[PDB]
Amino acid sequence: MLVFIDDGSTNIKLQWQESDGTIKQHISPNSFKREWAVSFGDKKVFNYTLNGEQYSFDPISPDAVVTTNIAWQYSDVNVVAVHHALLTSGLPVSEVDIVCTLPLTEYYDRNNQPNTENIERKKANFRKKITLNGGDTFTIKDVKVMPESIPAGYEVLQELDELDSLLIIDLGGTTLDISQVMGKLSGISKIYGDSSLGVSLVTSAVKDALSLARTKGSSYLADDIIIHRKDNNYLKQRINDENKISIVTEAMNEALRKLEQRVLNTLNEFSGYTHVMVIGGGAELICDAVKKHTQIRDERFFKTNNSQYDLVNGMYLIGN
Ligand SMILES: Nc1ncnc2c1ncn2[C@@H]1O[C@H](COP(=O)(O)OP(=O)(O)O)[C@@H](O)[C@H]1O
Ligand SMILES: [Mg+2]
């Protein structure tokens, strides 16, 4: 049964429908270590035997995740993550069939032209003999593969002018792979690709300014403040002292300043923008960034509330 799993290296983003007739969205974080942290009681984990190795969930060190998007998206850690995501929602352990996501750097070349061997490479990854070490594993039978940024355009691209362009941006923890698509999917123009800076810099800098060590898996407590940067109420709760609120804000700002400092020039490098779509978790951050520089009018500037799930919705409506 088809589950749409945007298997991103920051966190995995999911959408599916069941036998009730209601559509569910879900998210499972990237937090899978190359060791077994077990549990025989209260404090409950997940543990896996992967390809031949020991894997489990704990609030992981940056070792695997702070590498590149490219390195993680085809990994054994990605195999843990996708099968973990279906267990964090809690689906009936049996089949899945999946849609999964590729970088644009990996999908499209020097001429920005495509590679299907990299499509089969994801399917080959999700062919490894993973056991849930306390249950059994969802069997991924059929596999569709898409790139990351592009499929978000799908539902909007329907009406959109076929000679004009839709510039589609994921800003992630890792991902900064960007596509210039054309309307109705008449073609694709130019791509840009990067994962050298992102929200992982921002969210980790907030941990330092708080009271928390530089791991991934306790990310929420810092991710909170990246979300509520437009507030001060949840900031006063979570950054629980006024004397720390500047420190956290200016640490966050140091990262965000230097994120803006590249991505605005990336949208100078992308000549021929006409419509803009902003997606991902950092969609909110690039909305605050790129709108004031690009100066495209709001009828051609797309970003919802959901932000990261905007991507997996465009994937969903292709075929379940
Ligand atoms: N509203 C928001 N404002 C700012 N950052 C956000 C927001 N929502 C999520 N994020 C953060 O953005 C990152 C996730 O980016 P995302 O694009 O969803 O992952 P990926 O790039 O792997 O696709 C996380 O650090 C997440 O906490
Ligand atoms: Mg992203």
# chains A, B, ... in the order shown; residues from 1 in each chain; ligands from 1

call {"tool": "residues_near_ligand", "arguments": {"ligand": "ligand 2", "cutoff": "7 Å", "atoms": "only C-alpha atoms and all ligand atoms", "output": "ChimeraX atom specification"}}
result
/A:8,10,170-173,175,280-281,308

call {"tool": "residues_near_ligand", "arguments": {"ligand": "ligand 1", "cutoff": "8 Å", "atoms": "only C-alpha atoms and all ligand atoms", "output": "PyMOL selection string"}}
result
chain A and resi 6-13+69+148+170-176+199-200+202-203+219-220+223-224+226-229+279-285+307-309

call {"tool": "write_last_selection", "arguments": {"atoms": "N, CA and C atoms", "output": "short mmCIF file (atom, residue, chain, number, x, y, z; two decimals), in the first residue's frame"}}
result
data_model
loop_
_atom_site.label_atom_id
_atom_site.label_comp_id
_atom_site.auth_asym_id
_atom_site.auth_seq_id
_atom_site.Cartn_x
_atom_site.Cartn_y
_atom_site.Cartn_z
N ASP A 6 9.01 11.37 2.06
CA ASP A 6 10.08 12.27 1.71
C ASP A 6 11.19 12.06 2.74
N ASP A 7 12.18 11.23 2.37
CA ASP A 7 13.12 10.64 3.28
C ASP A 7 14.36 11.50 3.44
N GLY A 8 14.11 12.80 3.73
CA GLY A 8 15.10 13.85 3.94
C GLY A 8 16.01 13.63 5.12
N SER A 9 17.23 14.19 5.01
CA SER A 9 18.28 13.95 5.97
C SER A 9 18.19 14.80 7.22
N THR A 10 17.33 15.84 7.24
CA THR A 10 17.10 16.60 8.47
C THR A 10 16.12 15.87 9.36
N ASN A 11 14.91 15.62 8.83
CA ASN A 11 13.88 14.81 9.44
C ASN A 11 13.11 14.20 8.28
N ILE A 12 12.45 13.04 8.45
CA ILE A 12 11.68 12.42 7.38
C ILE A 12 10.24 12.89 7.44
N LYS A 13 9.68 13.33 6.30
CA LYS A 13 8.36 13.93 6.17
C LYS A 13 7.44 12.96 5.43
N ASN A 69 23.82 16.26 2.51
CA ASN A 69 22.56 15.61 2.17
C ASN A 69 22.83 14.34 1.35
N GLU A 148 13.87 15.78 -4.47
CA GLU A 148 13.39 16.52 -3.31
C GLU A 148 12.55 17.74 -3.68
N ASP A 170 13.76 24.08 -1.39
CA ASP A 170 13.81 23.54 -0.02
C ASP A 170 14.99 24.22 0.68
N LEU A 171 14.74 24.84 1.84
CA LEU A 171 15.80 25.13 2.79
C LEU A 171 15.60 24.19 3.95
N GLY A 172 16.58 23.32 4.16
CA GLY A 172 16.55 22.32 5.20
C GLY A 172 17.56 22.53 6.25
N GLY A 173 17.74 21.51 7.10
CA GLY A 173 18.87 21.43 8.01
C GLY A 173 20.14 21.22 7.26
N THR A 174 20.06 20.33 6.27
CA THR A 174 21.08 19.97 5.31
C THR A 174 20.81 20.57 3.94
N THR A 175 19.68 20.22 3.29
CA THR A 175 19.34 20.54 1.90
C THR A 175 19.24 22.01 1.55
N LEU A 176 19.93 22.42 0.46
CA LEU A 176 19.72 23.69 -0.21
C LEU A 176 19.80 23.45 -1.72
N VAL A 199 19.76 24.98 8.15
CA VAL A 199 19.13 25.16 9.46
C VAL A 199 19.83 24.37 10.56
N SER A 200 20.64 23.34 10.23
CA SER A 200 21.47 22.61 11.19
C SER A 200 22.49 23.50 11.90
N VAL A 202 21.90 26.86 12.33
CA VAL A 202 21.00 27.68 13.12
C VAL A 202 20.53 26.98 14.40
N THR A 203 19.88 25.81 14.27
CA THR A 203 19.36 24.99 15.37
C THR A 203 20.47 24.53 16.31
N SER A 219 16.81 17.83 19.18
CA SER A 219 16.80 19.07 18.38
C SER A 219 15.65 19.99 18.68
N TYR A 220 14.46 19.43 18.96
CA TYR A 220 13.17 20.08 19.23
C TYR A 220 13.28 21.34 20.07
N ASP A 223 14.91 23.80 17.86
CA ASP A 223 14.03 23.99 16.72
C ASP A 223 12.80 24.87 17.05
N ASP A 224 12.21 24.73 18.26
CA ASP A 224 11.21 25.60 18.89
C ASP A 224 11.39 27.09 18.61
N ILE A 226 13.56 28.51 16.45
CA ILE A 226 13.68 28.79 15.03
C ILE A 226 12.30 29.02 14.42
N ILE A 227 11.30 28.25 14.90
CA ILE A 227 9.88 28.45 14.62
C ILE A 227 9.39 29.76 15.24
N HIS A 228 9.41 29.88 16.59
CA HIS A 228 8.86 31.01 17.33
C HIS A 228 9.76 32.25 17.37
N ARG A 229 10.58 32.48 16.34
CA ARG A 229 11.40 33.67 16.18
C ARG A 229 10.57 34.93 15.92
N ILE A 279 9.60 25.96 0.03
CA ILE A 279 9.18 24.74 0.72
C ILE A 279 10.23 24.32 1.73
N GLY A 280 9.91 23.29 2.53
CA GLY A 280 10.80 22.77 3.56
C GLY A 280 10.45 23.32 4.91
N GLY A 281 11.22 22.97 5.94
CA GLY A 281 11.01 23.46 7.30
C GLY A 281 11.54 24.85 7.41
N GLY A 282 12.71 25.08 6.78
CA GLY A 282 13.30 26.40 6.64
C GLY A 282 12.60 27.26 5.62
N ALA A 283 11.46 26.82 5.04
CA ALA A 283 10.60 27.59 4.16
C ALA A 283 10.20 28.92 4.75
N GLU A 284 9.86 28.91 6.04
CA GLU A 284 9.60 30.07 6.85
C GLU A 284 10.77 31.06 6.87
N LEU A 285 12.01 30.56 7.01
CA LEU A 285 13.22 31.35 7.02
C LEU A 285 13.55 31.94 5.65
N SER A 307 4.35 24.07 5.26
CA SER A 307 5.72 24.47 4.95
C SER A 307 6.58 23.31 4.45
N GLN A 308 6.88 22.34 5.33
CA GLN A 308 7.61 21.14 4.95
C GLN A 308 6.69 20.11 4.33
N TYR A 309 5.41 20.08 4.76
CA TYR A 309 4.44 19.13 4.23
C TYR A 309 3.86 19.58 2.90
#

call {"tool": "residues_around", "arguments": {"residues": "residue 88 in chain A", "least_positions_apart": "6", "cutoff": "10 Å", "atoms": "only C-alpha atoms", "output": "MDAnalysis selection string"}}
result
chainID A and resid 26:29 46

call {"tool": "write_last_selection", "arguments": {"atoms": "N, CA, C and O atoms", "output": "PDB file, in the first residue's frame"}}
result
ATOM      1  N   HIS A  26       2.827  13.000   8.768  1.00  0.00           N
ATOM      2  CA  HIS A  26       3.642  12.608   9.904  1.00  0.00           C
ATOM      3  C   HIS A  26       5.076  13.039   9.691  1.00  0.00           C
ATOM      4  O   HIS A  26       5.486  13.364   8.579  1.00  0.00           O
ATOM      5  N   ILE A  27       5.879  13.049  10.768  1.00  0.00           N
ATOM      6  CA  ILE A  27       7.279  13.405  10.722  1.00  0.00           C
ATOM      7  C   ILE A  27       8.025  12.500  11.680  1.00  0.00           C
ATOM      8  O   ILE A  27       7.572  12.239  12.792  1.00  0.00           O
ATOM      9  N   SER A  28       9.192  11.965  11.269  1.00  0.00           N
ATOM     10  CA  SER A  28      10.035  11.168  12.151  1.00  0.00           C
ATOM     11  C   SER A  28      11.442  11.738  12.097  1.00  0.00           C
ATOM     12  O   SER A  28      11.954  11.946  10.994  1.00  0.00           O
ATOM     13  N   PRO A  29      12.121  12.074  13.187  1.00  0.00           N
ATOM     14  CA  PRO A  29      13.389  12.787  13.115  1.00  0.00           C
ATOM     15  C   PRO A  29      14.540  11.883  12.713  1.00  0.00           C
ATOM     16  O   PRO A  29      14.510  10.680  12.957  1.00  0.00           O
ATOM     17  N   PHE A  46      13.735   2.040  19.720  1.00  0.00           N
ATOM     18  CA  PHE A  46      13.647   1.106  18.615  1.00  0.00           C
ATOM     19  C   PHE A  46      15.070   0.650  18.312  1.00  0.00           C
ATOM     20  O   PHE A  46      16.013   1.432  18.428  1.00  0.00           O
TER      21      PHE A  46
END

call {"tool": "closest_residue", "arguments": {"among": "A:143, A:290, A:157, A:80", "to": "residue 47 in chain A", "atoms": "only C-alpha atoms"}}
result
A:80

call {"tool": "residues_around", "arguments": {"residues": "residue 55 in chain A", "least_positions_apart": "5", "cutoff": "7 Å", "atoms": "only C-alpha atoms", "output": "NGL selection string"}}
result
:A and (32-36 or 47-50)

call {"tool": "closest_residue", "arguments": {"among": "A:271, A:31, A:265, A:17", "to": "residue 59 in chain A", "atoms": "only C-alpha atoms"}}
result
A:31

call {"tool": "residues_around", "arguments": {"residues": "residue 23 in chain A", "least_positions_apart": "5", "cutoff": "12 Å", "atoms": "only C-alpha atoms", "output": "PDB file with N, CA and C atoms, in the first residue's frame"}}
result
ATOM      1  N   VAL A   3       2.757   4.640   0.647  1.00  0.00           N
ATOM      2  CA  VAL A   3       3.023   5.687   1.614  1.00  0.00           C
ATOM      3  C   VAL A   3       4.021   6.638   0.974  1.00  0.00           C
ATOM      4  N   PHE A   4       3.795   7.957   1.061  1.00  0.00           N
ATOM      5  CA  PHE A   4       4.680   8.943   0.472  1.00  0.00           C
ATOM      6  C   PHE A   4       5.653   9.364   1.546  1.00  0.00           C
ATOM      7  N   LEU A  14       6.226  12.665   5.945  1.00  0.00           N
ATOM      8  CA  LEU A  14       5.396  11.601   5.394  1.00  0.00           C
ATOM      9  C   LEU A  14       3.961  12.030   5.146  1.00  0.00           C
ATOM     10  N   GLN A  15       3.297  11.409   4.143  1.00  0.00           N
ATOM     11  CA  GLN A  15       1.864  11.540   3.933  1.00  0.00           C
ATOM     12  C   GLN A  15       1.266  10.252   3.367  1.00  0.00           C
ATOM     13  N   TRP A  16       0.048   9.858   3.797  1.00  0.00           N
ATOM     14  CA  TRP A  16      -0.642   8.698   3.248  1.00  0.00           C
ATOM     15  C   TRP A  16      -2.140   8.784   3.521  1.00  0.00           C
ATOM     16  N   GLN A  17      -2.953   7.898   2.907  1.00  0.00           N
ATOM     17  CA  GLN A  17      -4.365   7.743   3.216  1.00  0.00           C
ATOM     18  C   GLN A  17      -4.615   6.296   3.607  1.00  0.00           C
ATOM     19  N   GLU A  18      -5.635   6.032   4.450  1.00  0.00           N
ATOM     20  CA  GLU A  18      -5.952   4.695   4.921  1.00  0.00           C
ATOM     21  C   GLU A  18      -7.340   4.268   4.463  1.00  0.00           C
ATOM     22  N   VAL A 312       5.459  17.113   0.431  1.00  0.00           N
ATOM     23  CA  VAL A 312       4.900  15.769   0.410  1.00  0.00           C
ATOM     24  C   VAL A 312       3.440  15.719  -0.053  1.00  0.00           C
ATOM     25  N   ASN A 313       2.685  16.838   0.044  1.00  0.00           N
ATOM     26  CA  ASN A 313       1.358  16.966  -0.548  1.00  0.00           C
ATOM     27  C   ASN A 313       1.408  16.926  -2.076  1.00  0.00           C
ATOM     28  N   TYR A 316       2.015  13.406  -2.986  1.00  0.00           N
ATOM     29  CA  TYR A 316       0.807  12.640  -2.716  1.00  0.00           C
ATOM     30  C   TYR A 316      -0.161  12.576  -3.897  1.00  0.00           C
ATOM     31  N   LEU A 317      -0.488  13.740  -4.483  1.00  0.00           N
ATOM     32  CA  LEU A 317      -1.505  13.880  -5.512  1.00  0.00           C
ATOM     33  C   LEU A 317      -1.121  13.313  -6.885  1.00  0.00           C
ATOM     34  N   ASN A 320      -1.699   7.303  -5.461  1.00  0.00           N
ATOM     35  CA  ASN A 320      -1.639   6.468  -4.275  1.00  0.00           C
ATOM     36  C   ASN A 320      -2.125   5.027  -4.597  1.00  0.00           C
TER      37      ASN A 320
END

call {"tool": "closest_residue", "arguments": {"among": "A:139, A:63, A:149, A:195", "to": "residue 101 in chain A", "atoms": "only C-alpha atoms"}}
result
A:149

call {"tool": "residues_around", "arguments": {"residues": "range 209-214 of chain A", "least_positions_apart": "2", "cutoff": "8 Å", "atoms": "only C-alpha atoms", "output": "PyMOL selection string"}}
result
chain A and resi 61-62+204-207+216+222+239+244+247-248+251

call {"tool": "write_last_selection", "arguments": {"atoms": "C-alpha atoms", "output": "JSON list (two decimals), in the first residue's frame"}}
result
[["chain", "number", "residue", "atom", "x", "y", "z"],
["A", 61, "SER", "CA", 25.86, 12.74, 18.10],
["A", 62, "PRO", "CA", 26.44, 14.62, 14.79],
["A", 204, "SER", "CA", 22.77, 23.82, 16.69],
["A", 205, "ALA", "CA", 23.90, 27.43, 17.50],
["A", 206, "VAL", "CA", 20.70, 27.79, 19.57],
["A", 207, "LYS", "CA", 21.74, 24.68, 21.63],
["A", 216, "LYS", "CA", 21.22, 16.16, 16.69],
["A", 222, "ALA", "CA", 16.27, 24.41, 19.85],
["A", 239, "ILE", "CA", 14.61, 30.23, 26.70],
["A", 244, "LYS", "CA", 19.62, 34.33, 27.66],
["A", 247, "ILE", "CA", 22.32, 35.36, 23.32],
["A", 248, "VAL", "CA", 20.00, 32.78, 21.68],
["A", 251, "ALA", "CA", 23.46, 33.29, 17.87]]

call {"tool": "closest_residue", "arguments": {"among": "A:102, A:286, A:235, A:277", "to": "residue 259 in chain A", "atoms": "only C-alpha atoms"}}
result
A:286

call {"tool": "residues_around", "arguments": {"residues": "residue 192 in chain A", "least_positions_apart": "5", "cutoff": "10 Å", "atoms": "only C-alpha atoms", "output": "mmCIF file with N, CA, C and O atoms, in the first residue's frame"}}
result
data_model
loop_
_atom_site.group_PDB
_atom_site.id
_atom_site.type_symbol
_atom_site.label_atom_id
_atom_site.label_comp_id
_atom_site.auth_asym_id
_atom_site.auth_seq_id
_atom_site.Cartn_x
_atom_site.Cartn_y
_atom_site.Cartn_z
ATOM 1 N N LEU A 104 18.980 17.099 -5.959
ATOM 2 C CA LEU A 104 19.015 17.553 -7.339
ATOM 3 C C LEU A 104 20.434 17.507 -7.864
ATOM 4 O O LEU A 104 20.657 17.207 -9.033
ATOM 5 N N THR A 105 21.412 17.736 -6.969
ATOM 6 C CA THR A 105 22.846 17.480 -7.138
ATOM 7 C C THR A 105 23.182 16.086 -7.640
ATOM 8 O O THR A 105 24.052 15.903 -8.487
ATOM 9 N N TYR A 108 20.514 15.427 -11.251
ATOM 10 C CA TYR A 108 20.748 16.189 -12.468
ATOM 11 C C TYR A 108 22.204 16.664 -12.598
ATOM 12 O O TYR A 108 22.785 17.210 -11.665
ATOM 13 N N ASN A 112 22.543 19.833 -16.147
ATOM 14 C CA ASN A 112 21.335 19.608 -15.384
ATOM 15 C C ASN A 112 20.418 18.585 -16.045
ATOM 16 O O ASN A 112 19.214 18.804 -16.171
ATOM 17 N N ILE A 169 12.373 26.061 -3.926
ATOM 18 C CA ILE A 169 13.459 26.025 -2.947
ATOM 19 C C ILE A 169 13.097 25.230 -1.686
ATOM 20 O O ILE A 169 12.257 25.688 -0.913
ATOM 21 N N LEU A 176 19.928 22.421 0.464
ATOM 22 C CA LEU A 176 19.722 23.688 -0.205
ATOM 23 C C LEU A 176 19.804 23.449 -1.720
ATOM 24 O O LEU A 176 20.384 24.212 -2.494
ATOM 25 N N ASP A 177 19.182 22.348 -2.196
ATOM 26 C CA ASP A 177 19.088 22.013 -3.606
ATOM 27 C C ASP A 177 17.845 22.672 -4.211
ATOM 28 O O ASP A 177 16.724 22.538 -3.718
ATOM 29 N N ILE A 178 18.029 23.440 -5.306
ATOM 30 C CA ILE A 178 17.029 24.368 -5.819
ATOM 31 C C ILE A 178 16.784 24.120 -7.300
ATOM 32 O O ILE A 178 17.716 23.919 -8.077
ATOM 33 N N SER A 179 15.515 24.137 -7.755
ATOM 34 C CA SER A 179 15.162 23.904 -9.148
ATOM 35 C C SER A 179 14.400 25.061 -9.766
ATOM 36 O O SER A 179 13.540 25.683 -9.151
ATOM 37 N N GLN A 180 14.683 25.376 -11.045
ATOM 38 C CA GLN A 180 13.851 26.246 -11.854
ATOM 39 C C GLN A 180 13.041 25.379 -12.810
ATOM 40 O O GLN A 180 13.535 24.904 -13.832
ATOM 41 N N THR A 266 22.268 33.498 -4.657
ATOM 42 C CA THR A 266 21.794 32.333 -5.409
ATOM 43 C C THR A 266 20.610 32.680 -6.302
ATOM 44 O O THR A 266 20.499 32.243 -7.442
ATOM 45 N N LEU A 267 19.711 33.564 -5.838
ATOM 46 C CA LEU A 267 18.621 34.078 -6.651
ATOM 47 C C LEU A 267 18.998 35.301 -7.488
ATOM 48 O O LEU A 267 18.146 35.968 -8.068
ATOM 49 N N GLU A 269 22.104 34.452 -9.329
ATOM 50 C CA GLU A 269 22.645 33.367 -10.138
ATOM 51 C C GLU A 269 21.560 32.665 -10.959
ATOM 52 O O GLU A 269 21.681 32.476 -12.174
ATOM 53 N N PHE A 270 20.408 32.355 -10.330
ATOM 54 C CA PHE A 270 19.178 32.036 -11.031
ATOM 55 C C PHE A 270 18.560 33.229 -11.744
ATOM 56 O O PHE A 270 17.590 33.832 -11.292
#
